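Worth knowing before you read on, the calculation uses all heavy atoms, side chains too, and leaves out hydrogens, waters and symmetry mates. Whatever order the structure lists ligands and atoms in, that order sets their numbers, starting from 1. In what follows, chains carry the letters A, B, and so on, assigned in the order in which the sequence lines appear, proteins first and then strands, with residues in each chain numbered from 1.
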Amino acid sequence: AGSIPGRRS
Amino acid sequence: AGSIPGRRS
Amino acid sequence: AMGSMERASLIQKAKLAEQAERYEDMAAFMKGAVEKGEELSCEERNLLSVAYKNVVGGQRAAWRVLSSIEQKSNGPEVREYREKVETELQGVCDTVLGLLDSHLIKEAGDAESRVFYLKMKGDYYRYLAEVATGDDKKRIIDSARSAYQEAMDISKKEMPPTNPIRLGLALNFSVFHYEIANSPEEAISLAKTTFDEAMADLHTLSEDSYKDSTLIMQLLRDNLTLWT
Amino acid sequence: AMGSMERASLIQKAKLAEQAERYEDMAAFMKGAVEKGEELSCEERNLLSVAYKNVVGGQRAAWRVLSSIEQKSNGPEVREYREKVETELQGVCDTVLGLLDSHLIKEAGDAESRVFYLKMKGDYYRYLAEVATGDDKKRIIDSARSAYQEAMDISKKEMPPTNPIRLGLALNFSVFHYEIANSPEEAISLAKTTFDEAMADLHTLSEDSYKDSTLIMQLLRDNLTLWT
Ligand SMILES: *Cc1ccc(S(=O)(=O)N2CCN(CCOC)CC2)cc1
Ligand SMILES: *Cc1ccc(S(=O)(=O)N2CCN(CCOC)CC2)cc1
Ligand SMILES: [Ca+2]
Ligand SMILES: [Ca+2]
Ligand SMILES: [Cl-]
Ligand SMILES: [Cl-]
């Protein structure tokens, strides 16, 4: 089950 | 040009 | 630590650290920028969130590796090392929560910034809950729930159903329900309702906004496929 | 830092840190193990080398990203941050070199251990040379060369031409020649002679040793393909 990766920005 | 990766052991 | 560096230099260095994949540096630069005391722009909020998600993401992945070895093992070394990684992870989560509490949330008056920070608050309590054991787990779980719920209430009143922050909040709160709160049916209901309400609002979007919203909708769909 | 932890616990934790991809921890555990003052076994030497190669490999990749941005830019932030990463990299290389000099090399009497440590010494001077600028570059380059040459002289006298450490030493010294010493013809000659002499000795090897030697031979071939 995946949360927002949110690792790039 | 590659040296020995040497990152796993 | 970063008190002598200009705010704008800290922001610039956080962007460089991201390019160099130096996420610990990036988090330290963004912590320094927050501690200047000014509100963060949309771009700066994203830099703060990306930095810490990478730092804590590496810690969580390591904690899971060590927890798995330790479970299989049942000397003190595996537990000791898992504990060290766990304490470090808790320290980073406490640092982020401290930034949100002093004083990012209270100064966030627009819905976009307030929802963003409350989603962060829910996420970092959720990461604390992943490693918590017992009744401490209960209060940490309730703190995550409360933060996500407040964010949800604002987002439903103030943002369209396709807003990417609204969508990512709903995604992460659904994961909270499934993985932390042992409420898989609530997780599935939230992901389905969120997906369907976004679908119905896609017609209002430009090409670029459509791409942004449908990317996160696909994440909701991926979870629903796994859960149903 | 690690003076109160048992040697065997440091070794065990270094293996766990590798599994968890916590290479800074792994390097700190292995530094602590070296500082116990005993010689390292073959496995322990490999843990030490893997830990530091990962740490410095991340620093080198970041330094290259920042150096590229800085070259393109020609405020102070890019240079300042490149300098910070560079100083950190130099500090890690100096730490490894200090372990080799106090006292791993002088206590290494068997060819396998002495060649291993001298190859490390050449590699870490080579990493210093990558970031050095001017006449400092000259003396650092000579230190790398001298370490590699001593390792080469021992390896040719004491190990078969298929020995993986002998092969990896020759590979890395060839990269030194090509990338650092501006001697591409010496790089190509060394890689070719090393490959050919190994090929001629493969018939003496078991299946498992054959796999070990041919893997590194392929790296020599990959460089020759790029250089010729
Ligand atoms: C928690 C969360 C929700 C949505 C995203 S995102 O769609 O990947 N995205 C939102 C903002 N956006 C633009 C900012 O300019 C830098 C970047 C990321 C991510 C996390
Ligand atoms: C510098 C160098 C030369 C060769 C290698 S390797 O072939 O990948 N290899 C040698 C020793 N070996 C066995 C040790 O047991 C853990 C592991 C790696 C690597 C670097
Ligand atoms: Ca200022
Ligand atoms: Ca002891
Ligand atoms: Cl405000
Ligand atoms: Cl000895």
(request) Check whether any side-chain heavy atom of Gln90(C) sits under 4.5 Å from a side-chain heavy atom of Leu128(C), and report yes or no. (result) yes
(request) Answer yes when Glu80(C) and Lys84(C) have at least one side-chain N-carboxylate O distance shorter than 4.0 Å, and no when they do not. (result) no
(request) Give a yes or no on whether a salt bridge exists between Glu77(C) and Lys15(D), defined as a side-chain N under 4.0 angstrom from a carboxylate O. (result)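 Judged by the 4.0 Å cut-off on N to carboxylate O distance, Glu77(C) and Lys15(D) do not form a salt bridge.
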(request) Look at ligand 2 and say whether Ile165(D) reaches it with a heavy atom at a distance under 4.0 Å. (result) yes
(message) Between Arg7(A) (side chain only) and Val50(C) (backbone N and O only), is there a donor and an acceptor less than 3.5 Å apart?
(response) no
(request) Indicate yes or no for a side-chain donor-acceptor contact from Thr193(D) to the backbone of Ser189(D) under 3.5 Å, with no hydrogens or angles considered. (result)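 Confirmed, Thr193(D) side chain pairs with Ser189(D) backbone.
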(message) Applying a heavy-atom cut-off of 4.0 Å, say which part of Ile216(D) lies close to ligand 2: side chain, backbone, both or neither.
(response) side chain
(request) Answer with yes or no after comparing the ring centroid distance for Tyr81(D) and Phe29(C) against a 6.0 Å cut-off, counting only values under it. (result)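 Yes.
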Would you mind listing which atoms of ligand 2 come within a distance below 4.0 Å of any non-hydrogen atom of [X]?
| X | value |
| --- | --- |
| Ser9(B) | 16 (C), 17 (C) |
| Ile4(B) | 2 (C), 19 (C), 20 (C) |
| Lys119(D) | 1 (C), 2 (C), 3 (C), 20 (C) |

(request) Determine, considering heavy atoms only, which of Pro164(D), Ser213(D), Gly168(D) sits nearest to atom 4 (C) of ligand 2. (result) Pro164(D)
(request) Starting from the Ca ion (ligand 4), look over the N/O/S atoms of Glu6(D) and name the nearest one. (result)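 In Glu6(D), the N, O or S atom with the shortest distance to the Ca ion (ligand 4) is OE1.
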